[PDB]
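Shown here: model06.txt, compact mmCIF, C-alpha atoms and all ligand atoms.
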# COMPACT_ATOMS: atom_id res chain seq x y z
CA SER A 154 -1.30 18.45 -21.18
CA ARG A 155 -3.95 16.64 -19.18
CA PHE A 156 -2.13 16.73 -15.84
CA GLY A 157 -1.82 20.51 -16.45
CA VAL A 158 1.80 20.05 -15.35
CA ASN A 159 4.07 22.97 -16.18
CA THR A 160 6.45 23.07 -19.11
CA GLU A 161 8.58 24.41 -16.28
CA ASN A 162 9.22 21.14 -14.44
CA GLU A 163 8.31 18.65 -17.20
CA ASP A 164 12.02 17.76 -17.58
CA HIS A 165 12.12 17.30 -13.79
CA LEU A 166 9.24 14.87 -13.65
CA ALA A 167 10.69 12.99 -16.68
CA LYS A 168 14.09 12.69 -15.02
CA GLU A 169 12.64 11.54 -11.70
CA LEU A 170 10.55 8.94 -13.51
CA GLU A 171 13.70 7.36 -14.96
CA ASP A 172 13.87 5.45 -11.64
CA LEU A 173 10.24 4.38 -12.09
CA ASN A 174 11.42 0.75 -12.08
CA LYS A 175 13.48 1.21 -8.94
CA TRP A 176 12.90 0.86 -5.24
CA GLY A 177 14.67 4.17 -4.65
CA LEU A 178 12.28 6.22 -6.76
CA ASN A 179 11.25 9.31 -4.84
CA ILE A 180 7.48 9.52 -4.83
CA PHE A 181 7.71 12.89 -2.98
CA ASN A 182 9.37 14.77 -5.81
CA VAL A 183 6.94 13.11 -8.24
CA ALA A 184 4.02 14.63 -6.32
CA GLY A 185 5.79 18.03 -6.49
CA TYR A 186 5.99 18.04 -10.24
CA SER A 187 2.51 16.66 -10.81
CA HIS A 188 0.73 19.35 -8.79
CA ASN A 189 -0.18 16.80 -6.19
CA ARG A 190 -1.38 14.15 -8.62
CA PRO A 191 1.19 11.44 -7.72
CA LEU A 192 -1.25 8.52 -7.74
CA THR A 193 -2.53 9.34 -11.24
CA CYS A 194 0.92 10.32 -12.63
CA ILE A 195 2.64 7.20 -11.29
CA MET A 196 -0.16 4.84 -12.29
CA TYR A 197 -0.13 6.23 -15.83
CA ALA A 198 3.66 5.86 -15.85
CA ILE A 199 3.37 2.30 -14.57
CA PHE A 200 0.76 1.31 -17.12
CA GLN A 201 2.74 2.61 -20.10
CA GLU A 202 5.93 0.96 -18.97
CA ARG A 203 4.09 -2.43 -18.73
CA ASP A 204 1.95 -1.63 -21.72
CA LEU A 205 -1.25 -2.47 -19.79
CA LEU A 206 -3.29 0.18 -21.60
CA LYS A 207 -2.69 -1.47 -24.94
CA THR A 208 -2.97 -5.07 -23.74
CA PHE A 209 -6.42 -4.47 -22.14
CA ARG A 210 -7.59 -1.72 -24.59
CA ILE A 211 -7.97 0.80 -21.82
CA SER A 212 -7.86 4.07 -23.63
CA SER A 213 -5.70 6.88 -22.19
CA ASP A 214 -8.74 9.03 -21.60
CA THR A 215 -10.59 6.27 -19.73
CA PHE A 216 -7.59 5.51 -17.52
CA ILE A 217 -6.90 9.11 -16.63
CA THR A 218 -10.56 9.98 -15.98
CA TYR A 219 -10.88 7.03 -13.64
CA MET A 220 -7.53 7.57 -11.91
CA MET A 221 -8.23 11.28 -11.43
CA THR A 222 -11.56 10.44 -9.92
CA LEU A 223 -10.07 7.81 -7.64
CA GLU A 224 -7.30 10.11 -6.52
CA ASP A 225 -9.93 12.75 -5.58
CA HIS A 226 -11.58 10.20 -3.29
CA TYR A 227 -8.44 10.15 -1.15
CA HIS A 228 -8.30 12.99 1.44
CA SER A 229 -5.32 15.16 0.95
CA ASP A 230 -5.87 16.60 4.48
CA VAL A 231 -5.30 13.17 6.16
CA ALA A 232 -1.55 13.20 6.98
CA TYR A 233 -0.35 9.74 5.81
CA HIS A 234 -3.30 7.93 4.17
CA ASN A 235 -3.75 10.18 1.17
CA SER A 236 -2.98 9.64 -2.53
CA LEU A 237 0.79 9.88 -2.01
CA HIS A 238 0.75 6.67 0.09
CA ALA A 239 -1.44 4.97 -2.47
CA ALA A 240 0.92 6.13 -5.15
CA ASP A 241 3.89 4.74 -3.19
CA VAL A 242 2.29 1.36 -2.66
CA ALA A 243 1.48 0.98 -6.37
CA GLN A 244 5.04 1.90 -7.37
CA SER A 245 6.45 -0.40 -4.74
CA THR A 246 4.18 -3.15 -6.08
CA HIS A 247 5.38 -2.36 -9.61
CA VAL A 248 8.94 -2.99 -8.46
CA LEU A 249 8.21 -6.21 -6.55
CA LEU A 250 6.35 -7.66 -9.55
CA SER A 251 9.50 -7.50 -11.63
CA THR A 252 12.15 -9.06 -9.42
CA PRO A 253 13.86 -11.91 -11.28
CA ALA A 254 12.23 -14.69 -9.26
CA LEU A 255 8.82 -13.24 -9.99
CA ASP A 256 8.80 -11.49 -13.31
CA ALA A 257 7.90 -14.26 -15.72
CA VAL A 258 5.41 -15.77 -13.29
CA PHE A 259 2.32 -13.51 -13.33
CA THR A 260 -0.16 -13.13 -16.19
CA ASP A 261 -0.94 -9.67 -17.51
CA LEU A 262 -4.34 -9.94 -15.78
CA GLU A 263 -2.77 -10.80 -12.45
CA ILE A 264 -0.29 -7.96 -12.87
CA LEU A 265 -3.23 -5.66 -13.60
CA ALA A 266 -5.11 -6.69 -10.48
CA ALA A 267 -2.10 -6.28 -8.18
CA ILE A 268 -1.26 -2.82 -9.31
CA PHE A 269 -4.91 -1.81 -9.28
CA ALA A 270 -5.52 -3.29 -5.84
CA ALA A 271 -2.48 -1.24 -4.76
CA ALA A 272 -3.86 2.02 -6.25
CA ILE A 273 -7.29 1.60 -4.53
CA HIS A 274 -6.42 -0.15 -1.21
CA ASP A 275 -6.81 3.03 0.92
CA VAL A 276 -9.31 5.16 -1.08
CA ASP A 277 -11.58 7.39 1.06
CA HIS A 278 -9.59 6.67 4.28
CA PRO A 279 -10.96 8.89 7.06
CA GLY A 280 -7.65 9.12 8.99
CA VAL A 281 -8.66 6.64 11.67
CA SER A 282 -8.29 2.93 12.40
CA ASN A 283 -10.87 0.18 12.06
CA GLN A 284 -11.21 0.10 15.83
CA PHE A 285 -11.93 3.82 16.15
CA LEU A 286 -14.81 3.34 13.68
CA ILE A 287 -16.09 0.38 15.62
CA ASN A 288 -15.98 2.22 18.96
CA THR A 289 -17.86 5.20 17.53
CA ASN A 290 -20.40 2.91 15.86
CA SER A 291 -19.85 4.71 12.56
CA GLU A 292 -22.08 3.71 9.63
CA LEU A 293 -19.17 1.82 8.09
CA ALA A 294 -18.55 -0.35 11.14
CA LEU A 295 -22.25 -1.26 11.05
CA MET A 296 -22.35 -1.77 7.29
CA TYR A 297 -19.46 -4.32 7.50
CA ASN A 298 -20.21 -5.84 10.93
CA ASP A 299 -16.96 -4.63 12.47
CA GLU A 300 -14.79 -6.87 10.31
CA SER A 301 -12.19 -5.42 7.89
CA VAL A 302 -14.35 -2.32 8.05
CA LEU A 303 -12.25 0.08 6.01
CA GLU A 304 -10.78 -2.58 3.74
CA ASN A 305 -14.32 -3.45 2.73
CA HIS A 306 -14.86 0.25 2.13
CA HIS A 307 -11.78 0.78 -0.02
CA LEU A 308 -12.89 -2.05 -2.33
CA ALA A 309 -16.47 -0.88 -2.61
CA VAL A 310 -15.39 2.64 -3.42
CA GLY A 311 -12.68 1.52 -5.84
CA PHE A 312 -15.14 -0.56 -7.88
CA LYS A 313 -18.09 1.86 -7.54
CA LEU A 314 -16.12 4.66 -9.30
CA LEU A 315 -15.70 2.43 -12.31
CA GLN A 316 -19.33 3.42 -13.15
CA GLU A 317 -18.79 7.14 -13.40
CA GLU A 318 -18.68 8.71 -16.81
CA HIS A 319 -16.00 7.10 -19.00
CA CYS A 320 -14.39 5.57 -15.92
CA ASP A 321 -14.75 1.85 -16.66
CA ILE A 322 -11.14 0.81 -17.14
CA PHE A 323 -12.20 -2.89 -17.17
CA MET A 324 -14.86 -2.38 -19.87
CA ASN A 325 -12.99 -4.33 -22.53
CA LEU A 326 -12.15 -7.42 -20.42
CA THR A 327 -14.16 -10.61 -21.02
CA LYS A 328 -16.69 -11.62 -18.33
CA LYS A 329 -14.17 -14.22 -17.03
CA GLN A 330 -11.29 -11.76 -16.74
CA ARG A 331 -13.44 -9.31 -14.86
CA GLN A 332 -14.41 -11.90 -12.26
CA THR A 333 -10.88 -13.30 -11.97
CA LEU A 334 -9.49 -9.77 -11.55
CA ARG A 335 -12.27 -8.97 -9.04
CA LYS A 336 -11.68 -12.01 -6.84
CA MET A 337 -8.01 -11.20 -6.81
CA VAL A 338 -8.41 -7.53 -6.05
CA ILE A 339 -10.82 -8.38 -3.21
CA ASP A 340 -8.24 -10.88 -1.81
CA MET A 341 -5.38 -8.40 -1.97
CA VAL A 342 -7.22 -5.51 -0.30
CA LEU A 343 -8.70 -7.53 2.54
CA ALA A 344 -5.13 -8.89 2.94
CA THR A 345 -4.04 -5.35 3.96
CA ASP A 346 -6.08 -5.59 7.20
CA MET A 347 -3.38 -5.72 9.92
CA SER A 348 -5.33 -8.10 12.09
CA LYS A 349 -4.57 -10.58 9.28
CA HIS A 350 -0.81 -10.06 9.29
CA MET A 351 0.13 -13.08 11.43
CA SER A 352 -1.96 -15.51 9.36
CA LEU A 353 -0.60 -13.84 6.21
CA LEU A 354 2.97 -14.48 7.33
CA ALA A 355 2.28 -18.03 8.51
CA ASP A 356 1.15 -18.93 5.01
CA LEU A 357 4.06 -17.14 3.37
CA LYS A 358 6.56 -19.12 5.50
CA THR A 359 4.88 -22.18 3.98
CA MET A 360 5.15 -20.96 0.42
CA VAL A 361 8.88 -20.61 1.17
CA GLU A 362 9.19 -24.08 2.75
CA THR A 363 8.16 -25.73 -0.44
CA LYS A 364 9.10 -23.18 -3.03
CA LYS A 365 10.50 -24.53 -6.24
CA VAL A 366 11.91 -22.50 -9.12
CA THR A 367 12.45 -23.25 -12.84
CA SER A 368 15.87 -23.60 -14.49
CA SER A 369 15.68 -19.84 -14.92
CA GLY A 370 15.23 -19.13 -11.20
CA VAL A 371 11.53 -18.22 -11.74
CA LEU A 372 9.31 -19.23 -8.81
CA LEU A 373 6.76 -21.96 -9.71
CA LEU A 374 3.15 -21.39 -8.83
CA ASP A 375 0.89 -23.99 -10.46
CA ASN A 376 -2.47 -23.31 -8.83
CA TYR A 377 -4.48 -20.09 -8.41
CA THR A 378 -4.23 -20.53 -4.64
CA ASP A 379 -0.43 -20.15 -4.55
CA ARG A 380 0.00 -17.19 -6.80
CA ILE A 381 -2.76 -15.26 -5.03
CA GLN A 382 -1.01 -15.98 -1.70
CA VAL A 383 2.20 -14.52 -3.08
CA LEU A 384 0.22 -11.60 -4.58
CA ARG A 385 -1.59 -10.73 -1.40
CA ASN A 386 1.67 -10.90 0.59
CA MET A 387 3.30 -8.84 -2.16
CA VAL A 388 0.77 -6.05 -1.67
CA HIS A 389 0.94 -6.33 2.18
CA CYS A 390 4.74 -6.02 1.92
CA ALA A 391 4.35 -3.03 -0.35
CA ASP A 392 1.87 -1.61 2.14
CA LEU A 393 4.46 -2.21 4.84
CA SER A 394 7.45 -0.93 2.81
CA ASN A 395 8.13 2.52 4.25
CA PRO A 396 10.97 1.40 6.49
CA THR A 397 12.73 -0.40 3.61
CA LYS A 398 13.34 2.87 1.68
CA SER A 399 16.40 5.22 1.89
CA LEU A 400 16.40 6.52 5.44
CA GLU A 401 15.56 10.06 4.32
CA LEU A 402 12.26 8.88 2.81
CA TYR A 403 11.42 6.61 5.74
CA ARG A 404 11.79 9.67 7.96
CA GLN A 405 9.26 11.57 5.92
CA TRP A 406 6.75 8.69 6.12
CA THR A 407 7.21 8.39 9.85
CA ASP A 408 6.52 12.12 10.37
CA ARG A 409 3.27 11.73 8.36
CA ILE A 410 2.02 8.55 10.07
CA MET A 411 2.80 9.79 13.57
CA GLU A 412 0.92 12.98 12.77
CA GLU A 413 -2.04 10.86 11.72
CA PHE A 414 -1.94 8.58 14.80
CA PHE A 415 -1.69 11.52 17.23
CA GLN A 416 -4.47 13.17 15.36
CA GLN A 417 -6.55 10.07 16.05
CA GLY A 418 -5.68 10.58 19.76
CA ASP A 419 -6.97 14.19 19.56
CA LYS A 420 -10.22 12.92 18.01
CA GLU A 421 -10.54 10.33 20.81
CA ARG A 422 -10.12 13.12 23.36
CA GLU A 423 -12.55 15.55 21.61
CA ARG A 424 -15.19 12.83 21.53
CA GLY A 425 -14.59 11.70 25.17
CA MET A 426 -14.06 8.25 23.68
CA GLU A 427 -13.71 5.00 25.69
CA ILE A 428 -11.52 6.07 28.54
CA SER A 429 -8.03 4.79 27.65
CA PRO A 430 -5.86 7.78 26.53
CA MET A 431 -3.15 7.17 23.95
CA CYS A 432 0.24 8.77 24.66
CA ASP A 433 0.77 12.09 22.88
CA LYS A 434 3.72 13.65 21.01
CA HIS A 435 5.44 14.60 24.32
CA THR A 436 4.98 11.45 26.39
CA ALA A 437 5.29 8.91 23.54
CA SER A 438 8.53 7.63 21.98
CA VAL A 439 8.31 7.50 18.19
CA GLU A 440 11.75 5.87 18.11
CA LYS A 441 10.76 3.03 20.41
CA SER A 442 7.54 2.42 18.43
CA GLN A 443 9.37 2.20 15.13
CA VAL A 444 11.82 -0.37 16.42
CA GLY A 445 8.93 -2.24 18.07
CA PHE A 446 7.10 -2.29 14.73
CA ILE A 447 10.15 -3.30 12.67
CA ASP A 448 10.91 -6.19 15.10
CA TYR A 449 7.32 -7.32 15.65
CA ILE A 450 5.85 -6.87 12.15
CA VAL A 451 7.94 -5.40 9.32
CA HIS A 452 11.20 -7.41 9.52
CA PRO A 453 9.57 -10.78 10.17
CA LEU A 454 7.53 -10.06 7.01
CA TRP A 455 10.42 -8.84 4.77
CA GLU A 456 12.81 -11.52 5.90
CA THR A 457 10.29 -14.10 4.75
CA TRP A 458 9.69 -12.24 1.49
CA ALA A 459 13.47 -12.29 0.99
CA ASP A 460 13.61 -16.07 1.34
CA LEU A 461 10.90 -16.51 -1.26
CA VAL A 462 12.80 -14.39 -3.77
CA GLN A 463 16.50 -15.01 -2.76
CA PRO A 464 18.55 -12.97 -3.37
CA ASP A 465 16.34 -10.37 -5.11
CA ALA A 466 15.46 -8.51 -1.92
CA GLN A 467 18.83 -8.31 -0.16
CA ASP A 468 19.53 -4.60 -0.73
CA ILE A 469 16.00 -4.00 0.52
CA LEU A 470 16.51 -6.07 3.63
CA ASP A 471 20.00 -4.57 4.35
CA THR A 472 18.38 -1.10 4.33
CA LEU A 473 15.66 -2.22 6.73
CA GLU A 474 18.21 -3.32 9.35
CA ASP A 475 20.24 -0.14 8.82
CA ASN A 476 17.03 1.88 9.33
CA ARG A 477 16.05 -0.09 12.40
CA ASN A 478 19.55 0.48 13.78
CA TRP A 479 19.17 4.16 13.15
CA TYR A 480 15.86 4.56 14.95
CA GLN A 481 17.45 2.37 17.57
CA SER A 482 20.18 4.91 18.21
CA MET A 483 17.67 7.67 18.88
CA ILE A 484 15.88 5.82 21.63
CA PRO A 485 16.17 7.62 25.03
CA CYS A 499 -1.32 7.02 28.92
CA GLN A 500 -0.94 4.08 26.47
CA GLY A 501 1.82 3.98 23.86
CA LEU A 502 1.83 3.46 20.12
CA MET A 503 2.57 -0.27 20.15
CA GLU A 504 0.60 -0.96 23.34
CA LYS A 505 -2.40 0.37 21.43
CA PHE A 506 -1.73 -1.38 18.11
CA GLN A 507 -1.23 -4.76 19.83
CA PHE A 508 -4.10 -4.49 22.33
CA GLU A 509 -6.63 -3.72 19.59
CA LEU A 510 -5.45 -6.72 17.55
CA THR A 511 -7.77 -8.71 19.83
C1 LIG B 601 -3.66 0.99 15.45
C2 LIG B 601 -3.30 2.41 15.08
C3 LIG B 601 -1.81 2.57 15.21
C4 LIG B 601 -3.95 3.34 16.07
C5 LIG B 601 -3.79 2.78 13.68
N1 LIG B 601 -3.29 1.92 12.61
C6 LIG B 601 -4.14 1.35 11.69
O1 LIG B 601 -5.32 1.62 11.55
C7 LIG B 601 -3.47 0.31 10.82
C8 LIG B 601 -2.08 0.65 10.41
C9 LIG B 601 -1.79 1.57 9.42
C10 LIG B 601 -0.47 1.83 9.10
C11 LIG B 601 0.58 1.20 9.73
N2 LIG B 601 1.93 1.48 9.38
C12 LIG B 601 2.92 1.83 10.33
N3 LIG B 601 2.67 1.59 11.63
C13 LIG B 601 3.59 1.90 12.56
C14 LIG B 601 3.27 1.59 13.96
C15 LIG B 601 4.24 1.58 14.95
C16 LIG B 601 3.96 1.30 16.28
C17 LIG B 601 2.67 1.00 16.67
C18 LIG B 601 1.67 1.00 15.71
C19 LIG B 601 1.98 1.29 14.38
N4 LIG B 601 4.78 2.45 12.27
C20 LIG B 601 5.03 2.68 10.96
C21 LIG B 601 4.13 2.40 9.95
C22 LIG B 601 4.50 2.68 8.54
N5 LIG B 601 5.43 3.66 8.36
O2 LIG B 601 4.00 2.05 7.61
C23 LIG B 601 0.26 0.28 10.70
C24 LIG B 601 -1.05 0.01 11.04
CA CA B 602 -5.09 0.20 4.91
ZN ZN B 603 -2.04 1.41 3.02

Rewrite the structure from the file as structure tokens, please.
Amino acid sequence: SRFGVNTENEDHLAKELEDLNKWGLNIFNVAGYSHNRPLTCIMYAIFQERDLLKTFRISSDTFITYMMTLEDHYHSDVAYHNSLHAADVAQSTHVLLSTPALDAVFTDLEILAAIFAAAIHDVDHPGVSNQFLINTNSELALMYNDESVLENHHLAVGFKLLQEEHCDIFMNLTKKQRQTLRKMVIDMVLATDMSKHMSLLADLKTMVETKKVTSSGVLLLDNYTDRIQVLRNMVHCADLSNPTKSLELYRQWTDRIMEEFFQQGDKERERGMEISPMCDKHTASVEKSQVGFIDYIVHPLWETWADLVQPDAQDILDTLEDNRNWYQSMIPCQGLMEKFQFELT
């Protein structure tokens, strides 16, 4: 085949992909069977299942050449922010897009942008935060004036690659579709900037306050402004979904992300950065930080998402609580959350 995947575990990959439409899909096994091409394998899976290749005349070869390229622009050596995360966000977005409240709502084009924005939203992530880049006066921080530095990068890179040889997956869209898709993708990726979370949520609460559904229970969004607000929150939720998965998978994400944060602390030390030293693996509590994050950021977000789509998200939300309660139970420089909240200034 094209993924070079072995006849050995082709049944495995096929059987794992049966839960492609489910929140409890295991992206980790999928990466195993794909030879570490989860982003490409899942995206291809997603696009077939929604028939996006056919609808937009995106040939298989074009899609795969682009997706392979894009996946290569993610750093497998960065602990959390590699192609596996990207793959997980796209699959999570794929699931959200099809909940009963939501499924009839979005146009094929809108569906295309959301899943694509998901795929690209972290491409070429260096392993460090926006603030780290700012404080080191990296070329990126200067290029984007210290505002949504990386998110501006992920977009630029995601669209740039469309120009490589046989990589233009949007080649057969009209001029109007390409600019509609582009405005939407831009919106959704910039939406992933965490310093935008609170204003994201504020607006979502509003969507909920005045939500109306059809006779069928389908949410009603009559202007571009509304459905792009749902979309951008959808992708931010998906971005923030780790703790809503089966505890065993949430544990694997947490190991990865903590590795990546503490590795940012090592880089800050190596470089004699600022002065203010972040707590390390020994002095920090990962358990406290999780519960702080779930209470301060994740749950307030998911609870609101659950209102918008009542009761589509209940099993998701019941798992979040369970998971919070489980990190809770394990609870015994400048800490994880002290750092995340300070540099939200
Ligand atoms: C500010 C920073 C923490 C140094 C770097 N972070 C960034 O550049 C943005 C960023 C990237 C990913 C996440 N996701 C997550 N962030 C946390 C977290 C917990 C306590 C304090 C801070 C963070 N926990 C879990 C996830 C999870 N499992 O999804 C949150 C923020
Ligand atoms: Ca990001
Ligand atoms: Zn992300």

From the list A:330, A:193, A:222, A:213, which residue is nearest residue 241 of chain A when using only C-alpha atoms?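 For residue 241 of chain A, the nearest of the given residues is A:193.
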
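Separating atom CA of residue 470 of chain A from atom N4 of ligand LIG 601 (chain B) is a distance of 16.9 Å.
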
For segment 447-455 of chain A, find every residue with an atom within 7 Å (counting all atoms listed in the file), except residues of its own chain fewer than 5 positions away, and show them as number ranges by chain. A: 354, 390, 393, 470, 477

Those residues you just picked out, can you put them in a file as a PDB file, keeping the file's coordinate frame with C-alpha atoms?
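Output file selection-v9.pdb follows:
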ATOM      1  CA  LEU A 354       2.970 -14.480   7.330  1.00  0.00           C
ATOM      2  CA  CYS A 390       4.740  -6.020   1.920  1.00  0.00           C
ATOM      3  CA  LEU A 393       4.460  -2.210   4.840  1.00  0.00           C
ATOM      4  CA  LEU A 470      16.510  -6.070   3.630  1.00  0.00           C
ATOM      5  CA  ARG A 477      16.050  -0.090  12.400  1.00  0.00           C
TER       6      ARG A 477
END

Any residue with an atom at most 6 Å from ligand LIG 601 (chain B) counts, using all atoms listed in the file. Which are they? Put them as number ranges by chain. A: 282-283, 393, 395, 406-407, 414, 442-443, 446, 502-503, 506

List every residue of chain A that has an atom at most 7 Å from any atom of ligand CA 602 (chain B), giving for each one its closest atom pair and the distance in Å to one decimal, counting only C-alpha atoms and all ligand atoms, sorted by chain and then by ascending residue number, as JSON lines.
{"residue": "A:274", "atom": "CA", "partner": "B:CA602", "partner_atom": "CA", "distance": 6.3}
{"residue": "A:275", "atom": "CA", "partner": "B:CA602", "partner_atom": "CA", "distance": 5.2}
{"residue": "A:304", "atom": "CA", "partner": "B:CA602", "partner_atom": "CA", "distance": 6.4}
{"residue": "A:345", "atom": "CA", "partner": "B:CA602", "partner_atom": "CA", "distance": 5.7}
{"residue": "A:346", "atom": "CA", "partner": "B:CA602", "partner_atom": "CA", "distance": 6.3}

Could you please take those selected residues and save C-alpha atoms as a PDB file, in the frame of the given file?
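Saved as part31.pdb:
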ATOM      1  CA  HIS A 274      -6.420  -0.150  -1.210  1.00  0.00           C
ATOM      2  CA  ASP A 275      -6.810   3.030   0.920  1.00  0.00           C
ATOM      3  CA  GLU A 304     -10.780  -2.580   3.740  1.00  0.00           C
ATOM      4  CA  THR A 345      -4.040  -5.350   3.960  1.00  0.00           C
ATOM      5  CA  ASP A 346      -6.080  -5.590   7.200  1.00  0.00           C
TER       6      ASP A 346
END

What gap, in Å, lies between atom CA of residue 186 of chain A and atom CA of residue 271 of chain A?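 Between these atoms lies a distance of 21.8 Å.
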
Calculated over only C-alpha atoms and all ligand atoms, which of the candidates A:249, A:355, A:410, A:361 has the smallest distance to ligand ZN 603 (chain B)?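 Going through A:249, A:355, A:410, A:361 one by one, the smallest distance to ligand ZN 603 (chain B) is for A:410.
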
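Shortest separation to ligand ZN 603 (chain B) among A:481, A:394, A:333, A:399 occurs at residue A:394, atoms counted being only C-alpha atoms and all ligand atoms.
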